[PDB]
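Chains as they are written, first to last, in the working numbering: chain L, 257 to 520; chain H, 257 to 520; chain Z, 257 to 520; chain P, 257 to 520.
There are 4 protein chains.
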Amino acid sequence: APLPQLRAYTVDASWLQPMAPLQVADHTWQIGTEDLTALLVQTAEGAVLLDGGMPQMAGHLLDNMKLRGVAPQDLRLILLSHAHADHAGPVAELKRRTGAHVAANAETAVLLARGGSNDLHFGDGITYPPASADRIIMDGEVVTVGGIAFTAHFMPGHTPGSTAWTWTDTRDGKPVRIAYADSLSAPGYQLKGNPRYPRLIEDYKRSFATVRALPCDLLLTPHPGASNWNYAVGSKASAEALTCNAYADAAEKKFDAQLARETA
Amino acid sequence: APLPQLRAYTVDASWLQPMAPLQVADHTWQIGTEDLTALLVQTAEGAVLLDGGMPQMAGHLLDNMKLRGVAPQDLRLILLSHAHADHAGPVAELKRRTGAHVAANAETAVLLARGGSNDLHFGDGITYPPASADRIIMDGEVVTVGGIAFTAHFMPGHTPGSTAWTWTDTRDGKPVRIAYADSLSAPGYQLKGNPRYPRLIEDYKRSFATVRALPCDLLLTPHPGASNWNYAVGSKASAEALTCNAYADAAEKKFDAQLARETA
Amino acid sequence: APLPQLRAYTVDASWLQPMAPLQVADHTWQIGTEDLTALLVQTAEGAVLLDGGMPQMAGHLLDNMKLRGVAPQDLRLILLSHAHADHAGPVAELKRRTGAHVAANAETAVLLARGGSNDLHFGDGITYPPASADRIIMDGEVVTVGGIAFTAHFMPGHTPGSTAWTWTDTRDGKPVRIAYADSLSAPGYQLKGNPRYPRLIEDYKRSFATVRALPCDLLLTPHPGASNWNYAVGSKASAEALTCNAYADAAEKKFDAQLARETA
Amino acid sequence: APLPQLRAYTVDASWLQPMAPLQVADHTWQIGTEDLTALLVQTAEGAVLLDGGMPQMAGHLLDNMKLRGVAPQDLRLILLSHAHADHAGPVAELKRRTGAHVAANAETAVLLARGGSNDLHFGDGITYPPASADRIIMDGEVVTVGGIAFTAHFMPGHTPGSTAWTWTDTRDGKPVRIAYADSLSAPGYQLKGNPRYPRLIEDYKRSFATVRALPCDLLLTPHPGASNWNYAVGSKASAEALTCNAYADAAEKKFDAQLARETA
Ligand SMILES: CO[C@@]1(NC(=O)[C@@H](C)C(=O)O)C(=O)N2C(C(=O)O)=C(C)CO[C@@H]21
Ligand SMILES: CO[C@@]1(NC(=O)[C@@H](C)C(=O)O)C(=O)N2C(C(=O)O)=C(C)CO[C@@H]21
Ligand SMILES: CO[C@@]1(NC(=O)[C@@H](C)C(=O)O)C(=O)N2C(C(=O)O)=C(C)CO[C@@H]21
Ligand SMILES: CO[C@@]1(NC(=O)[C@@H](C)C(=O)O)C(=O)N2C(C(=O)O)=C(C)CO[C@@H]21
Ligand SMILES: [Zn+2]
Ligand SMILES: [Zn+2]
Ligand SMILES: [Zn+2]
Ligand SMILES: [Zn+2]
Ligand SMILES: [Zn+2]
Ligand SMILES: [Zn+2]
Ligand SMILES: [Zn+2]
Ligand SMILES: [Zn+2]
């Protein structure tokens, strides 16, 4: 009986369904797939990319950037929600082909540096090509690119380095506060008494209070279904989207119900 | 007028004064200098080293390890308080000559990986040879070597990755709770409104409460004067040493007096 | 038409067939699989491991090390032929669970650091968890562990960092020169005019002359079929094994026949 | 008798004497100091920087780049001759402030990654802030930026990763072949029987033949005195500059005279 073969990280086909650039505000665009969020922000001095999705999406992300008049050498900065394969997948290839830099916290950097291997909960089951972080950011640090200021808010839980980003864009002159908040889920996580994450419950609770107080008028998430976005319907994509308090309150009730069944 | 020459990190001569191994408990020893703490813990499966001091102390640390019957290949683990040159200096050379591994958190790892360069407060003024961290530890994670369990307690402030360590040793059969707590000082730090550390005051305050609640019967610090240790007097080294509440309360009063003068 | 799913690196089942430790000489053992070579060398000061095979073989390698009386904390050094997933797979997990160090050249280190991703010929198709190299070795450098000296011989071609290792063991007192030489194959490689490897043909030719002059009495390869070893037959495993000149001459004829068909 | 203090890497004041941009050809400029070469190449798609000199020269290099109409976000690529502190010093700070990427071979990358520490000949005596290499280049690989193609030629010896660069510029329409070749010196090196560099003499000899065959009409070196450049005299800077054969022949005679005195 020989050892088993390696298994590939397979996702639902909807996660890999390419879509044309969808406009969120005057400067923010969705260039990912139907169920994976990859936000592009066009500024006067370059473009910022938030997440990239699965690792095989680098060619698609470059296509949509070309459609917005953004050359590869115009991507200046890559920001991440958390360093998982379905969000930070193409960061390695995107760095080689665009000349951009990556800014993330220490926890996201060390997870990104080892390609998501040795995950606290998944181990080596979900591995993507590694990439280095050129700039280390702290909680509440302001990253400015082309006049648009990005503020990081640490919300650990899903991963230790889970970071929420906030920035102010315009909607035909009217300012709008956007908040790209990370996932607040714990799929298959051992919450209570985890030797690899001893203070996980504390971090999750404190993160719920963090996203409740986020300066937010329009909320987006790495998985658009978590914030009730519908990238397929285009114009009405932000129709039934949730607030920050609602998304936090909904996630916390699921965390307590999950924690309760774990003590059984 | 040519550009200035580089300046070397010079310390007081007392920091570099070698001393013979001083016994703290049945398994814990001080093998550093008179004013720099480097703790060695002998176990049945190997030895653990906490800090190393200045980078030019690797030869001295190996001498004292040889005196305790510890071969270079017997050092199994290196733990750090924070990745500064006067504490984590010889970690690079100690790894090459002992075959040991380093365990630190993400913030200490990224600071250790770039050799203390690009410090949040000191910049490139205090640079030491870089070294990689083989194991990443979380807050409250238990690291066991030879039956002795080391528990990490995150106390950020002096550095983002400042970690306090606790373990239980014996004093001729009687158990003793030891707590090696990091420095709680902010020398020349801009505390209020620091763009490189926006939540520094919050982290400092929460760290004072962390060291107050540390399970501690005997307290040691990277600088022994901070906890009123006197490594010169040998037997009476722990005579006038401070408690955890006293060391925290003394450091917090200095933090508030420093914060008050900063708003002036 | 959504983007395709990721494909897993699948190998022949014979590559993953566990086998009991096979004795090569007084100190050298085969602890890998039937068709993947993982050499263990027991010394008075510890054990050296050459290669590990596929990444899912860490548990098997530890089992055979336990059978030879080698505890996890007794593995002191890991040496590699080249940093590919079917040879350097478990190096990341083996470092975390044994406390060993890795010694490889610069080319093998940078390939090992990015987990085999961005291969010069395979791209991201063959990815394994990354690992760092603690010691950098040069061509002809001697690495000594427990009295047994390992000499590295650079033989680039299959990978830029392909390294052959030589050491002298005994066969019941009689000395024997062992040479673990890397693969001299180019499967699917574009040999002529490769923009990612412009001097590949020169490196391959110079490597044939390198393995011809290797001090060798018994030859082993990462794939035992390349040197006509038969790990299944146990005692007669080295029966029809090839010399160094024969293995080089056989590989060079295949390289020229491959280069000839490429110019057609 | 306490341990000695750390010593700072001090150089001659002429090495740190800032100078205004000196024109080499239609696109190549000297923006370093009087005795340290830092070449800037302006293209239609950005600027390439070859070397940076001492680490405290980042502010000066940015000043001269601003004088040539080159914004910080216009530096796209950094190329190195070898990763020593007097050539690769400011690469870390230049990456943080310009958003550029670094391209170097594996040997230069691993030396650049550890900040020049653990030098094969100097140890930890000459340490600069570390920096990562975003792209790994092979011998003879072509790097194109804005139509100008840079070809790397490995010439190991001074350092294992010593790389010479060649590119074709114009002199008011007339093409000119420029060759920026590394230093061919061995200051204080143990040449014969070096355990850290066993094949050093072979690499030095093969490097002399490499620079002799370099496609070169105008030669420059990291130290301009090595190729008889005089950056002070401005217009007549290339007056008495040497050819490639002359610079190689002069360096080889010094290598043999140095090797002869070593065997005495
Ligand atoms: C690592 O990627 C994830 N996990 C998986 O794909 C498998 C392994 C799983 O469900 O256990 C993960 O975390 N995600 C999230 C999230 O909310 O971030 C959700 C909801 C589930 O999908 C991705
Ligand atoms: C980086 O090393 C330190 N700083 C210096 O040496 C100079 C630069 C300084 O005083 O500003 C630093 O922090 N230390 C501590 C500590 O408590 O940790 C104290 C009390 C002061 O000494 C060391
Ligand atoms: C990356 O691993 C290899 N390649 C593959 O598995 C597939 C991708 C392939 O054949 O192209 C590779 O190289 N090997 C060797 C070797 O001789 O080293 C041989 C003979 C073939 O198997 C492994
Ligand atoms: C590490 O920097 C160098 N060495 C020194 O500065 C001291 C340490 C020394 O001379 O031994 C080094 O190599 N250089 C070269 C070169 O040709 O590259 C020459 C000629 C000498 O200066 C620099
Ligand atoms: Zn996830
Ligand atoms: Zn996810
Ligand atoms: Zn300090
Ligand atoms: Zn200190
Ligand atoms: Zn291979
Ligand atoms: Zn193979
Ligand atoms: Zn040099
Ligand atoms: Zn030099």
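Think of the CB as a built atom: it goes at the ideal place given N, C-alpha and C, for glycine as much as any other residue.
What I want to know is whether the C-beta of residue i ends up closer than 7 Å to one or more non-hydrogen atoms of ligand 7.
i: residue 291(H); result: no
Compute the minimum distance between the beta carbon of residue i and the heavy atoms of ligand 3, and state whether it is under 7 Å.
i: residue 463(P); result: no
i: residue 267(Z); result: yes
Between the Cα of residue i and the Cα atoms of the options, which residue gives the shortest distance?
i: residue 442(H); options: 518(H), 290(H), 386(H) and 391(H); result: 518(H)
i: residue 406(P); options: 510(P), 424(P), 389(P) and 417(P); result: 424(P)
i: residue 302(P); options: 321(P), 332(P) and 292(P); result: 332(P)
i: residue 290(L); options: 495(Z), 422(Z), 259(Z) and 295(Z); result: 259(Z)
i: residue 434(Z); options: 444(Z), 477(Z), 393(Z) and 459(Z); result: 477(Z)
i: residue 345(Z); options: 312(Z), 357(Z) and 334(Z); result: 312(Z)
i: residue 515(L); options: 446(L), 498(L) and 483(L); result: 446(L)
i: residue 439(L); options: 261(L), 292(L) and 305(L); result: 292(L)
i: residue 482(L); options: 370(L), 490(L), 465(L) and 505(L); result: 505(L)
i: residue 389(Z); options: 404(Z), 369(Z) and 420(Z); result: 369(Z)
i: residue 335(P); options: 372(P), 386(P), 341(P) and 360(P); result: 360(P)
i: residue 378(L); options: 339(L), 422(L), 318(L) and 410(L); result: 339(L)
i: residue 278(Z); options: 268(Z), 267(Z), 295(Z) and 265(Z); result: 295(Z)
i: residue 342(Z); options: 266(Z), 404(Z), 297(Z) and 392(Z); result: 266(Z)
i: residue 499(L); options: 309(L), 488(L), 492(L) and 484(L); result: 484(L)
Got a sec? Which residues, its chain only, sit under 6 Å from residue i by beta carbon, not counting five neighbours each side?
i: residue 512(H); result: none
i: residue 314(L); result: 346, 349 and 350
i: residue 281(Z); result: 425, 427 and 432
i: residue 508(L); result: 464
When every heavy atom of ligand 10 is checked, does at least one fall within less than 7 Å of the C-beta of residue i?
i: residue 451(H); result: no
Kindly list the residues whose CB is nearer than 8 Å to the CB of residue i, restricted to its own chain and excluding five residues on each side of it in sequence; keep chain order.
i: residue 374(L); result: 380
i: residue 363(H); result: 412, 415, 416 and 417
i: residue 276(H); result: 320 and 323
i: residue 479(Z); result: 291, 292, 293 and 439
i: residue 466(H); result: 409, 410, 411 and 420
i: residue 474(H); result: 280, 281, 432, 433, 434, 435, 494 and 497
When you measure from the CB of residue i to every non-hydrogen atom of ligand 2, does any distance come out below 7 Å?
i: residue 479(H); result: yes
i: residue 382(H); result: yes
Any heavy atom of ligand 1 closer than 7 Å to the Cβ of residue i?
i: residue 443(L); result: yes
Is any heavy atom of ligand 4 found at a distance shorter than 7 Å from the C-beta of residue i?
i: residue 378(P); result: yes
Among the residues of its own chain, which have a CB less than 7 Å from the CB of residue i, if the five just before and after it don't count?
i: residue 402(L); result: 299, 300, 301 and 302
i: residue 501(P); result: 468
i: residue 392(H); result: 361, 362 and 365
The segment 277-287 of chain Z in contact with the segment 381-394 of chain Z per 3-pair CB rule at 8 Å: no
In chain order, what residues place their C-beta within less than 7 Å of a heavy atom belonging to ligand 11? 338(P), 340(P), 342(P), 343(P), 414(P), 415(P) and 439(P)
Is there contact here, the segment 450-457 of chain Z with the segment 391-402 of chain P, by at least three beta-carbon pairs under 8 Å? yes
Does the segment 339-359 of chain H touch the segment 319-335 of chain L, meaning 3 or more C-beta pairs lie closer than 8 Å? no
For the structure I just gave you, are there three or more beta carbon pairs, one from the segment 460-474 of chain H and one from the segment 260-275 of chain Z, closer than 8 Å? no
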